[PDB]
>>> print(open('entry.pdb').read())   # PDB, C-alpha atoms
ATOM      1  CA  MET A 100     106.148 134.058 122.557  1.00  0.00           C
ATOM      2  CA  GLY A 101     104.670 131.203 124.696  1.00  0.00           C
ATOM      3  CA  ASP A 102     101.532 130.793 122.467  1.00  0.00           C
ATOM      4  CA  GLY A 103     100.513 129.180 119.104  1.00  0.00           C
ATOM      5  CA  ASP A 104      99.417 125.609 120.014  1.00  0.00           C
ATOM      6  CA  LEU A 105      97.067 124.077 122.640  1.00  0.00           C
ATOM      7  CA  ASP A 106      94.044 121.674 122.378  1.00  0.00           C
ATOM      8  CA  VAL A 107      95.921 118.967 124.433  1.00  0.00           C
ATOM      9  CA  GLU A 108      92.872 116.584 124.450  1.00  0.00           C
ATOM     10  CA  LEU A 109      94.363 115.219 121.191  1.00  0.00           C
ATOM     11  CA  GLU A 110      96.576 118.166 120.017  1.00  0.00           C
ATOM     12  CA  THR A 111      96.351 120.007 116.594  1.00  0.00           C
ATOM     13  CA  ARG A 112      93.760 117.435 115.244  1.00  0.00           C
ATOM     14  CA  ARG A 113      96.287 116.282 112.528  1.00  0.00           C
ATOM     15  CA  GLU A 114      95.776 112.630 113.736  1.00  0.00           C
ATOM     16  CA  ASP A 115      92.391 111.255 114.941  1.00  0.00           C
ATOM     17  CA  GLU A 116      93.991 108.083 116.468  1.00  0.00           C
ATOM     18  CA  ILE A 117      93.906 106.651 112.860  1.00  0.00           C
ATOM     19  CA  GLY A 118      96.280 103.711 113.736  1.00  0.00           C
ATOM     20  CA  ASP A 119      99.452 105.170 112.089  1.00  0.00           C
ATOM     21  CA  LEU A 120     100.635 106.098 115.656  1.00  0.00           C
ATOM     22  CA  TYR A 121     100.197 102.529 117.123  1.00  0.00           C
ATOM     23  CA  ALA A 122      99.278  98.953 115.968  1.00  0.00           C
ATOM     24  CA  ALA A 123     100.468  95.298 116.452  1.00  0.00           C
ATOM     25  CA  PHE A 124     102.611  92.869 114.359  1.00  0.00           C
ATOM     26  CA  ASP A 125     100.191  89.871 114.720  1.00  0.00           C
ATOM     27  CA  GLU A 126      96.527  90.956 114.166  1.00  0.00           C
ATOM     28  CA  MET A 127      97.581  93.064 111.105  1.00  0.00           C
ATOM     29  CA  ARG A 128      99.474  89.933 109.828  1.00  0.00           C
ATOM     30  CA  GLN A 129      96.220  87.819 109.759  1.00  0.00           C
ATOM     31  CA  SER A 130      93.299  90.318 109.204  1.00  0.00           C
ATOM     32  CA  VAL A 131      94.614  91.069 105.622  1.00  0.00           C
ATOM     33  CA  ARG A 132      95.544  87.354 104.997  1.00  0.00           C
ATOM     34  CA  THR A 133      91.836  86.602 104.153  1.00  0.00           C
ATOM     35  CA  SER A 134      88.547  88.561 104.689  1.00  0.00           C
ATOM     36  CA  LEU A 135      87.796  90.643 101.518  1.00  0.00           C
ATOM     37  CA  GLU A 136      87.538  87.552  99.228  1.00  0.00           C
ATOM     38  CA  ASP A 137      85.408  85.742 101.897  1.00  0.00           C
ATOM     39  CA  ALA A 138      83.003  88.743 102.111  1.00  0.00           C
ATOM     40  CA  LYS A 139      82.911  88.674  98.256  1.00  0.00           C
ATOM     41  CA  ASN A 140      82.247  84.869  98.301  1.00  0.00           C
ATOM     42  CA  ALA A 141      79.374  85.265 100.861  1.00  0.00           C
ATOM     43  CA  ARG A 142      77.730  88.218  98.977  1.00  0.00           C
ATOM     44  CA  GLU A 143      78.101  86.368  95.616  1.00  0.00           C
ATOM     45  CA  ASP A 144      76.755  82.986  96.935  1.00  0.00           C
ATOM     46  CA  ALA A 145      73.747  84.795  98.533  1.00  0.00           C
ATOM     47  CA  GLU A 146      72.924  86.233  95.034  1.00  0.00           C
ATOM     48  CA  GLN A 147      73.644  82.954  93.147  1.00  0.00           C
ATOM     49  CA  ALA A 148      71.180  81.152  95.519  1.00  0.00           C
ATOM     50  CA  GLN A 149      68.380  83.226  93.830  1.00  0.00           C
ATOM     51  CA  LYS A 150      69.717  82.579  90.248  1.00  0.00           C
ATOM     52  CA  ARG A 151      70.121  78.738  90.505  1.00  0.00           C
ATOM     53  CA  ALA A 152      66.293  78.606  91.046  1.00  0.00           C
ATOM     54  CA  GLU A 153      65.690  79.881  87.423  1.00  0.00           C
ATOM     55  CA  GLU A 154      67.455  76.768  85.847  1.00  0.00           C
ATOM     56  CA  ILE A 155      68.784  78.599  82.668  1.00  0.00           C
ATOM     57  CA  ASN A 156      69.711  75.012  81.475  1.00  0.00           C
ATOM     58  CA  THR A 157      73.128  75.554  83.280  1.00  0.00           C
ATOM     59  CA  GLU A 158      74.504  72.019  82.649  1.00  0.00           C
ATOM     60  CA  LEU A 159      74.091  72.409  78.818  1.00  0.00           C
ATOM     61  CA  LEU A 160      76.339  75.555  79.004  1.00  0.00           C
ATOM     62  CA  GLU A 161      79.289  73.169  79.788  1.00  0.00           C
ATOM     63  CA  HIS A 162      78.330  69.655  78.438  1.00  0.00           C
ATOM     64  CA  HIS A 163      81.701  67.879  79.122  1.00  0.00           C
ATOM     65  CA  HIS A 164      81.941  65.158  76.382  1.00  0.00           C
ATOM     66  CA  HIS A 165      84.420  63.769  73.750  1.00  0.00           C
ATOM     67  CA  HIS A 166      82.115  64.259  70.661  1.00  0.00           C
ATOM     68  CA  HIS A 167      84.451  64.912  67.642  1.00  0.00           C
TER      69      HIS A 167
END
>>> encode(input="entry.pdb", output="structure tokens")
Amino acid sequence: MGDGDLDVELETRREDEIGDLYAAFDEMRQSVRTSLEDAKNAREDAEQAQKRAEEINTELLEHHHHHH
């Protein structure tokens, strides 16, 4: 009796301040609204900037025209 749990710095270590205990209904409503697709767009454009320099005849892979 009177013993079993302690470690009152944080207590039991079952939660490392992971954000499930406290957050805010404004930053979490805009941080997920756009960021992952913008990081994708930046990483993709920075690769495509090396590939556009090889030509590949890119415009002939579309060739928008009426030719029946």
>>> atom_distance(input="entry.pdb", atom1="atom CA of residue A:106", atom2="atom CA of residue A:119")
20.2 Å
>>> atom_distance(input="entry.pdb", atom1="atom CA of residue A:148", atom2="atom CA of residue A:162")
21.8 Å
>>> atom_distance(input="entry.pdb", atom1="atom CA of residue A:151", atom2="atom CA of residue A:164")
22.9 Å
>>> axis_aligned_box(input="entry.pdb", around="stretch 119-122 of chain A", padding_each_side="5 Å", output="JSON")
{"center_x": 100.0, "center_y": 102.5, "center_z": 114.6, "size_x": 11.4, "size_y": 17.1, "size_z": 15.0}
>>> build_atoms(input="entry.pdb", residues="stretch 136-158 of chain A", atoms="N, CA and C atoms", output="mmCIF file, keeping the file's coordinate frame")
data_model
loop_
_atom_site.group_PDB
_atom_site.id
_atom_site.type_symbol
_atom_site.label_atom_id
_atom_site.label_comp_id
_atom_site.auth_asym_id
_atom_site.auth_seq_id
_atom_site.Cartn_x
_atom_site.Cartn_y
_atom_site.Cartn_z
ATOM 1 N N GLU A 136 87.974 88.604 100.156
ATOM 2 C CA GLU A 136 87.538 87.552 99.228
ATOM 3 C C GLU A 136 86.494 86.610 99.852
ATOM 4 N N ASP A 137 86.434 86.513 101.184
ATOM 5 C CA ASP A 137 85.408 85.742 101.897
ATOM 6 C C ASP A 137 84.083 86.520 102.000
ATOM 7 N N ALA A 138 84.154 87.841 102.201
ATOM 8 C CA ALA A 138 83.003 88.743 102.111
ATOM 9 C C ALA A 138 82.438 88.783 100.679
ATOM 10 N N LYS A 139 83.306 88.832 99.660
ATOM 11 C CA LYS A 139 82.911 88.674 98.256
ATOM 12 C C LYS A 139 82.213 87.324 98.020
ATOM 13 N N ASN A 140 82.813 86.213 98.461
ATOM 14 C CA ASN A 140 82.247 84.869 98.301
ATOM 15 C C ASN A 140 80.858 84.731 98.955
ATOM 16 N N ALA A 141 80.664 85.274 100.163
ATOM 17 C CA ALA A 141 79.374 85.265 100.861
ATOM 18 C C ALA A 141 78.301 86.092 100.126
ATOM 19 N N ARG A 142 78.633 87.327 99.723
ATOM 20 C CA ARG A 142 77.730 88.218 98.977
ATOM 21 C C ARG A 142 77.355 87.658 97.596
ATOM 22 N N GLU A 143 78.299 86.996 96.923
ATOM 23 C CA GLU A 143 78.101 86.368 95.616
ATOM 24 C C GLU A 143 77.239 85.100 95.733
ATOM 25 N N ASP A 144 77.530 84.210 96.689
ATOM 26 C CA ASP A 144 76.755 82.986 96.935
ATOM 27 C C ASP A 144 75.302 83.286 97.346
ATOM 28 N N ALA A 145 75.082 84.335 98.149
ATOM 29 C CA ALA A 145 73.747 84.795 98.533
ATOM 30 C C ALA A 145 72.928 85.374 97.358
ATOM 31 N N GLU A 146 73.582 85.809 96.274
ATOM 32 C CA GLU A 146 72.924 86.233 95.034
ATOM 33 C C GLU A 146 72.686 85.029 94.109
ATOM 34 N N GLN A 147 73.696 84.167 93.961
ATOM 35 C CA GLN A 147 73.644 82.954 93.147
ATOM 36 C C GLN A 147 72.581 81.955 93.635
ATOM 37 N N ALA A 148 72.268 81.941 94.937
ATOM 38 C CA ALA A 148 71.180 81.152 95.519
ATOM 39 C C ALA A 148 69.779 81.551 95.009
ATOM 40 N N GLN A 149 69.608 82.774 94.494
ATOM 41 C CA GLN A 149 68.380 83.226 93.830
ATOM 42 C C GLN A 149 68.375 82.904 92.323
ATOM 43 N N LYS A 150 69.552 82.767 91.700
ATOM 44 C CA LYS A 150 69.717 82.579 90.248
ATOM 45 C C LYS A 150 69.667 81.100 89.837
ATOM 46 N N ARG A 151 70.207 80.202 90.672
ATOM 47 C CA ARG A 151 70.121 78.738 90.505
ATOM 48 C C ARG A 151 68.674 78.219 90.441
ATOM 49 N N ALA A 152 67.721 78.946 91.037
ATOM 50 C CA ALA A 152 66.293 78.606 91.046
ATOM 51 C C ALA A 152 65.570 78.880 89.706
ATOM 52 N N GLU A 153 66.228 79.553 88.752
ATOM 53 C CA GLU A 153 65.690 79.881 87.423
ATOM 54 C C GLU A 153 66.115 78.863 86.335
ATOM 55 N N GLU A 154 66.940 77.864 86.690
ATOM 56 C CA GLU A 154 67.455 76.768 85.847
ATOM 57 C C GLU A 154 68.442 77.245 84.774
ATOM 58 N N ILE A 155 67.992 78.048 83.800
ATOM 59 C CA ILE A 155 68.784 78.599 82.668
ATOM 60 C C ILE A 155 69.406 77.487 81.776
ATOM 61 N N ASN A 156 69.089 76.213 82.046
ATOM 62 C CA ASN A 156 69.711 75.012 81.475
ATOM 63 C C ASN A 156 71.238 74.974 81.719
ATOM 64 N N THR A 157 71.697 75.356 82.928
ATOM 65 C CA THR A 157 73.128 75.554 83.280
ATOM 66 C C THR A 157 74.076 74.435 82.864
ATOM 67 N N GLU A 158 73.653 73.178 82.964
ATOM 68 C CA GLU A 158 74.504 72.019 82.649
ATOM 69 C C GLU A 158 74.803 71.890 81.142
#
